[PDB]
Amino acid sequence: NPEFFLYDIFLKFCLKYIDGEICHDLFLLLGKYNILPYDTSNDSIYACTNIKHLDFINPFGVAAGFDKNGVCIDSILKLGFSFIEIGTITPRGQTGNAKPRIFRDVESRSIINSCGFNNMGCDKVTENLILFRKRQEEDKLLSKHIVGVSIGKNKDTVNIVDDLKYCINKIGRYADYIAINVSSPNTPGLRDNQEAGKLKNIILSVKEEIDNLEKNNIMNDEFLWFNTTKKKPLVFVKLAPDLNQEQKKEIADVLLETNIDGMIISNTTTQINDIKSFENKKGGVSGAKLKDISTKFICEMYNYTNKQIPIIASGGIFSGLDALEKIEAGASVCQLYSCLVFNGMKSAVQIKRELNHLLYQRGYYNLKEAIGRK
């Protein structure tokens, strides 16, 4: 804990004096050289959870966009997170929009971004994940930690599906699950793929390409799936909150039609117009202000899918209570982003015990029961 205390000092100075992207890069540099603190505590057995046959030692991971290139997986997980979603990645590396592209508002614990899927591309990120998977076998703090991969398209690409299949064939073996990103607001025209007709086509094509890796392989499953599950990656789809309610219904049954393994709710939003310092800026907003809207989006989709599609929660989770709200709404695991930005190295340590203490007070035996009790 003395270690976490020092990094909070650096955090505060960063938020006030340094550009956000520069801080974010320092974060990842510290992680790349393994000088962040560790959370070596046994996670409460009553707080574990699962998405279908995917097991999470605890209900908290890091959302996509934090480690877009998988250069910092070890150290983020060792902060106390049960999993991480890297990406979103694209087939080829791209620069994204021009800096400064991210702006934070400490006062409201909110953020606005317009990066534009900047990443090194899938060939490079794949070799980064392979190395992690090698280290994972050597490190007892990394065993049973889940790594998912968010996948998208390039600014230039016309065929959304052409980009996804390439990513899968390249990096599918090493992923525990795949997250289809059709919810980013800062790449023009991507959300249009969320319309049921286009989406169903995308899911089915994704699910297909995963199986073809399994089908044609001379070696056993033990050597094909170089991941944590030793099984083929699940398939999740991350959705945006800026949809009218009828659009949500058409998506729901498509998920049911395709037997999607899970749904991530939600992505950043553009509906927010209250925050002063973002009035000048463009892009998708995340943080506290996104909390209430994310929670509702969960209960609706949980409704439209008749509770048959596992939910991953995202958007405005800072507290152990914020988490229980997302779980009660029907979510099984929670993803964090803004919290890490405003709370720092201690984010996972703190939110885990808060939820633990809260589950006991509310009289829940374990976390699984609290799911969807609203």
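Residue indices: 1-based, along the sequence shown. In this text, rigid core is short for the largest set of C-alphas that superpose within 1.5 Å between two forms.
Name the stretch that deviates more in 9 other deposited structures of this protein: 364 to 372, or 1 to 9? Use RMS CA distance to the shown form, core superposed.
When 364 to 372 and 1 to 9 are compared in 9 other deposited structures of this protein, 1 to 9 lies farther out.
If the other structures are each fit on the rigid core, which stretch ends up farther away in C-alpha terms in 9 other deposited structures of this protein, 136 to 144 or 169 to 177?
With the rigid core fitted, 136 to 144 is the stretch that strays more in 9 other deposited structures of this protein.
Highest mean C-alpha temperature factor of the two stretches 44 to 52 and 334 to 342, which is it?
According to the PDB entry, the answer is 44 to 52.
Comparing average C-alpha B factors as deposited, tell me which of 84 to 92 and 115 to 123 sits higher.
Taking the mean C-alpha B-factor of 84 to 92 and of 115 to 123, the larger value falls to 115 to 123.
Going by the entry, which of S286, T228, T270, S150 has the most elevated CA B factor?
Top of the list by C-alpha B-factor: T270.
If you compare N169, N128, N186, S75, which has the highest Cα B-factor in the entry?
That would be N186, according to the entry.
Ranking the modelled residues of this chain by C-alpha B-factor as given in the entry, is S319 in the lowest, middle or highest third?
Tercile = middle for this residue's CA B-factor.
Comparing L213 with the other modelled residues of its chain, is its CA B-factor in the lowest, middle or highest third?
As the PDB entry reports it, the C-alpha B-factor of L213 lands in the middle third of its chain.
Is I202 in the lowest, middle or highest third of its chain when residues are ranked by C-alpha B-factor?
As the PDB entry reports it, the C-alpha B-factor of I202 lands in the middle third of its chain.
Please place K32 in the lowest, middle or highest third of its chain by C-alpha B factor as given in the entry.
Ranked within chain, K32 CA B lands in the lowest tercile.
Taking the chain's C-alpha temperature factors as the reference, tell me which third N193 falls into: lowest, middle or highest.
CA B-factor rank for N193: highest third.
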